[PDB]
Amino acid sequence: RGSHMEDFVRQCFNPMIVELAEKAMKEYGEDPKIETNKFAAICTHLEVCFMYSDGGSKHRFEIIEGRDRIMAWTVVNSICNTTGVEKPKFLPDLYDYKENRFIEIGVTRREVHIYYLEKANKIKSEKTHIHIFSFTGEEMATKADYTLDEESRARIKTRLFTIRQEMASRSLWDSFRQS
């Protein structure tokens, strides 16, 4: 059922991200043509994770996000069994080899701390790091430790505001912000 949002997603994000988002949705059996705001949110989340992992040095991060679920857990078990970090309850997005911790990255259309507290209580993990970005240029991270240098986080924030403008320009921001 032809939606403006679905075709917007396909210009905004590169094909590699679109294909991972589609696979993620149908691995858990949802339809990107129908659940189009969730389509847009998953592509957004994917892109931020990849931008984030590009912010470090060459070998800094293990990318968990974007793998099929069974392989992602395999890699997580490899990380826990070779480093001794406690196995997380939910699939994190990255592993930081420099700081020795998993990272859960989130993107929100609300005040970053509302979403942070939600992610904090969901993860019983005392140790996995949380880093939240908003669509208005705010961020929030565990212990005020933002992992990356300012430039790498700044370009993530710029991209998120561009996505917001592109949606608003198409009168999709309101549906998206209210979903």
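All residue numbers are counted from 1 along the displayed sequence.
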Open item on the list: I need to verify one thing: averaged over C-alpha atoms only, is the B-factor higher for 70-78 or for 83-91?
Closed with: 83-91
Task: 117-125 versus 35-43 - greater average Cα B-factor per the deposited record - done: 117-125
TODO: Tell me, please, which of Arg153, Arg60, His131, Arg110 has the highest C-alpha B factor according to the deposited entry?
DONE: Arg110
Open item on the list: Is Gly55 in the lowest, middle or highest third of its chain when residues are ranked by C-alpha B-factor?
Closed with: lowest
Open item on the list: Quick check on the deposited entry: does the C-alpha B-factor of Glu138 sit in the lowest, middle or highest third of its chain?
Closed with: middle
TODO: Name the third of the chain's ranked CA B-factors that contains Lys23, choosing lowest, middle or highest.
DONE: highest
Open item on the list: Using only modelled residues of the chain, where does the Cα B factor of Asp149 rank: lowest third, middle third or highest third?
Closed with: middle
